[PDB]
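A.B. asks: Before I ask anything, let me first share the structure, which is written out below as structure tokens.
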There are 4 protein chains.
Amino acid sequence: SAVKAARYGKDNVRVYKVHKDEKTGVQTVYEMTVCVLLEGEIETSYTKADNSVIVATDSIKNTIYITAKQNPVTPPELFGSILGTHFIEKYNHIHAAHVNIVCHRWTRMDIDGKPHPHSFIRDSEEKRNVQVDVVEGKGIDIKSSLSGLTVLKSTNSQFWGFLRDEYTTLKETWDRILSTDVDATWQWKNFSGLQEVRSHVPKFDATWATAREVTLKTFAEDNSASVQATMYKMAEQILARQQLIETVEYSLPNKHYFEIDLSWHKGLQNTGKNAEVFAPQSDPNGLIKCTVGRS
Amino acid sequence: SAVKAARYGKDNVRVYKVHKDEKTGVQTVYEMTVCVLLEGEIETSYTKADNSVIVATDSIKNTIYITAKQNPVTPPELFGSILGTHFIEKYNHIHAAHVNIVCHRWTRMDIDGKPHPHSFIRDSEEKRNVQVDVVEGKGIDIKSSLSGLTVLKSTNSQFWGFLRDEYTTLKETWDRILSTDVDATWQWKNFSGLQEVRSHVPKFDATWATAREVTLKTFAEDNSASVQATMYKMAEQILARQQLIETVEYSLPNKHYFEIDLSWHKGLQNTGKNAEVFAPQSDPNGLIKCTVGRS
Amino acid sequence: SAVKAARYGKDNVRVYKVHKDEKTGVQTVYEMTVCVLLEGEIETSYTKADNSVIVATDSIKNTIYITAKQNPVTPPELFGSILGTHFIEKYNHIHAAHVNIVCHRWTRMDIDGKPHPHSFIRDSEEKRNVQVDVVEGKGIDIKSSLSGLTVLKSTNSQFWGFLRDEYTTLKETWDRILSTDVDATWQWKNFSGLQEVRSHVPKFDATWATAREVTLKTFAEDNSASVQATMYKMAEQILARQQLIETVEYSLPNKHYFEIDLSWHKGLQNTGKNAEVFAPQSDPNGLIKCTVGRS
Amino acid sequence: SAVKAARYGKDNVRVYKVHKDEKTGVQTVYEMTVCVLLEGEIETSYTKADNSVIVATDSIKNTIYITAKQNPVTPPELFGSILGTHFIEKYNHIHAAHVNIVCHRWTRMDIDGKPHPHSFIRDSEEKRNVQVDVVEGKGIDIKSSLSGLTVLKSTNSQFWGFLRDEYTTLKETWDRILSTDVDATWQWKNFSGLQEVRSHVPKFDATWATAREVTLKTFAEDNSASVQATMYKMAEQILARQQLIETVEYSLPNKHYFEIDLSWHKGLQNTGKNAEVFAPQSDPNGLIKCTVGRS
Ligand SMILES: O=c1[nH]c(=O)c2nn[nH]c2[nH]1
Ligand SMILES: O=c1[nH]c(=O)c2nn[nH]c2[nH]1
Ligand SMILES: O=c1[nH]c(=O)c2nn[nH]c2[nH]1
Ligand SMILES: O=c1[nH]c(=O)c2nn[nH]c2[nH]1
Ligand SMILES: O=c1[nH]c(=O)c2nn[nH]c2[nH]1
Ligand SMILES: O=c1[nH]c(=O)c2nn[nH]c2[nH]1
Ligand SMILES: O=c1[nH]c(=O)c2nn[nH]c2[nH]1
Ligand SMILES: O=c1[nH]c(=O)c2nn[nH]c2[nH]1
Ligand code: NA
Ligand code: NA
Ligand code: NA
Ligand code: NA
């Protein structure tokens, strides 16, 4: 037998950083969870018990905290590039670094219609993520994403015209609830290295905001023919609004809310056009996925 | 042996209700999870296999959906009172109904600075809850609450002056992070019945908003001596702003963020007044609880 | 306003202890999560910012580890009594200690039909818990429990004869699946203090084993008329097998598995006596509770 | 823009099946959660609102239940092959089916040392999974796996000899705790189709049992130089014991248990060779991965 692939490192590293502007008195906090896995010439640690090739996972943990001490942590696309470059440049036998970051929301509080200078709230379990693959001689690949954006529209969604056969019982509808947890990922053109990543820094926060904006606007306004159709439209617009993206990927659960027929009780009318009370279903759920790129 | 206490019913009943205003075109959604447990003369179902005393849990589920069909679901303090009264009035052998409701956030979306008429977002896993105990011959007890309000302030919290002995290693501090998940419960004066609950309806939403407001304002502004001291202040104000509350109860985790000493690496300065990078701790956590009422 | 009730301390303290028998070479591990909350004369910390009354939560954490260093951690009913007594005896202003322990399973591995001396497996997320309330001048109250015992029987459960009215749609059945997560709690007679708790030590592990045994045996063998009826029988037997218990309490979800009617597809027969394929329901769920004590 | 990749279907389909042997009276239950995603000529549903290409997710759900009605559900490698083949054979425009199954443990109860004929227990949250990719003109790829096998050994693990530099603070050790959640995946040689999958049926359950056996035996007995070294050994043996596997893949968290130095309290000795009491760490965690195949 032989090692065909190996990676190792440190996962679930929780990291908080504060920035204190001494002139203005205002403080800004950043919280994230980091995973760094390394590849390179490490097979002998698996096959021969040779630990001389191991940058200890503990040491990778120490490095994350140092790196966040010495550099900005925002945008995450930059922090990740810096962190991954560090490992491949610092260690000759390590040839790739894989960095994953989840950014947790700490939004500034409004207290009598005024931004408080050092108090924050988790206004949503929605995350901003990055996946950074820094590979020696191959540059820096970044996939940015948002996930856990949970939305629901109470009308202007339809699902009619779908295949029917001896497995089909679903009725066509011209009016239903649509609800989903939005997972949107946009993959950047390969960057030559850290210098190039630095050069595009302002695009990162801006493109995130755009993807979020486009997603919610299109979800809200599209008279959705299908989850398929509505996600295509989102993906299309993100590509059209930022040249440096090669692909946009959506993964959308269809979180079903079922009609409850209450006519068996005193002829109570709660279906079709009388539908007020619904049963949200925890499972199963439709899962719809689409990767869109450039013609 | 003998049955000293028994209750039974249906838990985790997910319920969605839509309200469609046909004049304005605007739709409002309400989502909640309901638990109804009943007590009364039911011991024989346990001891004799006599099911004639069981209002089936399935039937309790059916009743929740019907009741939400026939009445408002908001405020939850009312829906719960209606639902619990139903069971004790409808069934002679059932003498108490316990209703618990968790309200999930579906906030209306802003789409180009304008409230969209039928699109919504889960902007926080924060819940609004009620606990309604409708007891035959004893009226209606309501405990309202908010939970899962996650906050953090990066300075203006201190913890100094605490007992020190041979078990103590914690250092006094005049500047630390304070972060918590706020659980605040306010218990209403016993209501005589449903008529009385209806009479106070406008107080329910208003007092919820107040508790939330007071909590975030005081968390933000208090130069906190301790979590103890800061929660007392919140509780005090909620009582002072609403006469119908008998007690206010806070339960606050202290979610510790530890300093990371990086001086072992190139004399890097990250402690005391140089503290920028912190390690959020997942466990253990301080847990602080206080019930405040009227002198 | 005034403090009517207060408690504080440290929650989620993960604790591992190893015992190494040097003669036999065999090692035994114990893992648990501990919560200690204290009450006493502590109101001034809430109302006056007086921290001199606070045994720091950090220090309570340190104390748990020390106490586990200096005493057995098993049975948990003893460890908890020792830990709670410590705080009320050590500190004059602290008058109650509340100790909660969850014991995690680390079962010894069989490796070629022989107990390995130092390797272990988590064979079930089932927990053994205690709740110990050590109150100055009032002795030591212990509630022991097991929770997360997940079971299912594919036949010999019935539910017929229950109230029917205009809210009822559930059909009577003489053959159904019954599945539950068993939560069983047994409350000991108040102990005078630690000496008394020590005196009964062998009863703790033995009574736990009994409750577990009785639960699974009765769940398996009873031709259950109802969840109510089956739980009563368990509770009865636990009381009858141990004199020092005053009450036994069961809390049982009814985790419904629904028949799937497939006759709409090629007359496929999957209901009643032809029922092979079922849909496990994640929610809602019946919740059934009973406290049994002595005539 | 253009669709580069698309898949859709139904996720989280909970499925229970009972087998009743009428001669012996004995009943056997199988529970699983299924995901089926389809690919093929479906782009027009995304780009043109053409739903005529959609086998409704609801219908895929119906199909899973039917298929489990008409065929065995065990081994999962077979059920998945049957289910995926169904979709590509039944529908001309659908060219791949991706089937994922998680099998939940329902182990038969021992009641007075005898297998009860219809009562079961969830003895571990450990899962058996499959990933089946049935692709038109490309046969059937199966990845089998076990996950959530949580183990711990209290000694006979070491970690010494690893790179040290200005990022390193971890001390070498010749005696530590090792604990992990084992994720082991073994990938079968591509099968020509369902006939071929049927031909190897007995290998599936047998190879699962082997992987489990090898894992626990090697975890227990290896005097582990590193998690790397210990996992390599497991993977090696699985390949050596079954010719039809092309690769074995392990993913192992290192779930750290930290020494607690208690010498600051009365010179208490709890480090090195005196280590009895440890702090299990919830995060961060080392994550170690290795794919092994044939020379
Ligand atoms: O087994 C281990 N492998 C590693 O790579 C490592 N790094 N720190 N600790 C470790 N333990
Ligand atoms: O209300 C429902 N809508 C559906 O589409 C469906 N499919 N199975 N059951 C259902 N109930
Ligand atoms: O065992 C049961 N007890 C109940 O009270 C009930 N209600 N519906 N189904 C039920 N099953
Ligand atoms: O940074 C820390 N602060 C604390 O209060 C503490 N207590 N134990 N370890 C600790 N680390
Ligand atoms: O606010 C706090 N209250 C406390 O009781 C405590 N104990 N350690 N740290 C603390 N912080
Ligand atoms: O199969 C079912 N059994 C039930 O008891 C039930 N109640 N609502 N729907 C149901 N489906
Ligand atoms: O938007 C939808 N897309 C689908 O593919 C589907 N299948 N059933 N319901 C559905 N809704
Ligand atoms: O006990 C510890 N062991 C370790 O390896 C380590 N690394 N950081 N802190 C630590 N504590
Ligand atoms: Na390198
Ligand atoms: Na009544
Ligand atoms: Na005392
Ligand atoms: Na096909």
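One-based numbering along the chain as shown.
The deposited model was determined using X-ray crystallography, 2.2 Å.
Each residue, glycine too, has its Cβ placed from N, Cα and C.
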A.B. asks: Looking at Swiss-Prot, which one out of B:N71, B:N129, B:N190, B:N254 binds 5-hydroxyisourate in the same site as B:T57, B:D58, B:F159, B:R176, B:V227, B:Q228?
C.D. replies: B:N254
A.B. asks: Let's check the environment of B:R176 (5-hydroxyisourate binding site): how many other CB atoms sit within 10 Å of its CB?
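C.D. replies: Step by step: centre on the Cβ of B:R176 (5-hydroxyisourate binding site), count other Cβ atoms within 10 Å, giving 21.
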A.B. asks: So what sits near B:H256 (active site, charge relay system) in its own chain, CB-to-CB under 8 Å and at least six residues off in sequence?
C.D. replies: B:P280, B:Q281, B:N285, B:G286
A.B. asks: Cα of B:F159 (5-hydroxyisourate binding site) to Cα of B:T57 (active site, charge relay system): how many Å, rounded?
C.D. replies: 50
A.B. asks: Can you tell me which recorded positions out of B:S1, B:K10, B:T57 are within 10 A of B:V227 (5-hydroxyisourate binding site) by Cα, answering none if there aren't any?
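C.D. replies: Correct set: empty; none qualify.
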A.B. asks: Just name the most isolated of the recorded positions B:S1, B:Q228, B:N254, going by other Cβ atoms within 10 Å of its Cβ.
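C.D. replies: Sparsest of the recorded positions B:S1, B:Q228, B:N254 by Cβ contacts within 10 Å: B:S1.
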A.B. asks: Using DSSP reduced to three states, classify B:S1 (N-acetylserine) as helix, strand or coil.
C.D. replies: coil
A.B. asks: Just the number: how many Å between the Cα atoms of B:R176 (5-hydroxyisourate binding site) and B:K10 (active site, charge relay system)?
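C.D. replies: Given the Cα positions, B:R176 (5-hydroxyisourate binding site) is 45 Å from B:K10 (active site, charge relay system).
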A.B. asks: Since the record lists B:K10, B:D58, B:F159 as recorded positions, which of them has the fewest other Cβ atoms within 10 Å of its Cβ?
C.D. replies: B:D58
A.B. asks: Out of the recorded positions listed (B:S1, B:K10, B:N254), which are within 10 Å of B:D58 (5-hydroxyisourate binding site), Cα to Cα?
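C.D. replies: Passing the 10 Å Cα cut: B:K10.
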